[PDB]
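Take a look at the structure set out below.
Taken together, the values in this text are just the output of simple stated rules run on the coordinates, not laboratory data. In this analysis, Cβ positions are derived from the backbone assuming ideal geometry, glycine residues included, and neighbour counts consider all displayed protein chains.
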Amino acid sequence: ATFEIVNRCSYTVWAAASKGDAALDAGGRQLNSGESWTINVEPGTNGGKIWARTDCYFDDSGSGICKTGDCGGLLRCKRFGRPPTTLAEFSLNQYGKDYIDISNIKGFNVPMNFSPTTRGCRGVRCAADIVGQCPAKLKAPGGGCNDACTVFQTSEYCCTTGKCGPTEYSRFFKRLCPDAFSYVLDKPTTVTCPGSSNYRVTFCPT
């Protein structure tokens, strides 16, 4: 499957792509404002994520740090990134269909549109100014808007027991972005697409 990753932000981002225990494609790359990077994701990939990272420094070996979404200090991510990270999430070729969503469960850093480039389903978007409107207690000093689990480490926010409800914090993310997951047991906003669809992830779509 192809994923075209487009940075429409006025600032550089370092795109990342992983399934948690492995890179997808090269795993990460710099995208200056306006740049597009097309990756190949193996059919059947389950639990893949794409995100942006901000305010990164890398040495000539590809080692360094980002202020949001850092993946073990690597340019080429092999693992998931440090919150806050707006997440484009997907599982491909799962009994004949693909499943896509955007999640704010691990916070928000950069606005995102995640849409098919092929027929048969709709895209999803979270492009509201979540950083600017972020509740004070959720603001990440390093940049972005943290989820409540990251900040407070409670069973209720982290849904540890598999019993949790919406919270004042989850409802903030849901109000700004109805079409993204705001907490673990949110009513799903997952879109079913034809198996083997292709996609575009646009940072700063609006």
Connecting C-alpha atoms closer than 10 Å in a GNM of the chain, tell me which of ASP147, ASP59, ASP101 has the biggest fluctuation.
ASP59
In debye, nearest 20, what is the charge dipole magnitude of segment 1-118 about its Cα centre with +1 on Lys and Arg Cβ and -1 on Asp and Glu Cβ, if you could check?
240
Of the cross-linked pairs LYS49/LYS163; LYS137/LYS174; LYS97/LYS174; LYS19/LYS97; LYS19/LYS174, which ones have a Cα-Cα span greater than 23 Å in the structure shown?
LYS49/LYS163; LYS97/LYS174; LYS19/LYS174
Report the full-extension gain for the segment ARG175 to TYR57: residue separation times 0.36 nm, less the Cα-Cα distance, to one decimal in nm.
39.1 nm
If I model the chain as equal point scatterers sitting on the Cα atoms and use the Debye formula, what is log10 I(q)/I(0) at q = 0.09, 0.10, 0.16, 0.17 Å⁻¹?
-0.31, -0.38, -1.02, -1.16
Evaluate the charge dipole of the chain about its Cα centre and quote only its size in Debye, nearest 20, assuming +1 on the Cβ of each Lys and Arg and -1 on the Cβ of each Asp and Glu.
360
Residues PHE173, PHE80, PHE3, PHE203, sorted so that the one with the fewest Cβ neighbours within 10 Å comes first:
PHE80, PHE3, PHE203, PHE173
Roughly how far apart, in whole Å, are the Cα centres of segment 51-90 and segment 137-206?
19
Within the under-15-Å Cβ sphere about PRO83, not counting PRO83, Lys/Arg +1 and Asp/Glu -1 give a net charge of +4
The chain: relative contact order in percent, alpha carbon pairs under 8 Å with at least 6 residues between:
23
With a Förster radius of 25 Å, plug the Cβ-Cβ distance of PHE152 and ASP21 into 1/(1 + (r/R0)^6) and report the FRET value to the nearest 0.05.
0.35
Using helices alone, what [θ] at 222 nm do you get for the chain, with -39,500 (n - 2.57) per DSSP H run of 4 or more residues, divided over all residues and rounded to the nearest 500?
-2000 deg cm²/dmol
Note on segment 145-206: alpha-carbon gyration tensor, axes a ≥ b ≥ c; rule is a/c under 1.5 for rounded, else prolate if a/b larger than b/c, else oblate; result prolate
The answer for the longest stretch of the chain without any exposed trypsin sites (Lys or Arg not before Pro) (DSSP loop, at most 12 further Cβ atoms within 10 Å) is 1-118
At 7 Å along Cα-to-Cβ for each site, give me the label-to-label distance between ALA136 and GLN94 in nm.
4.0
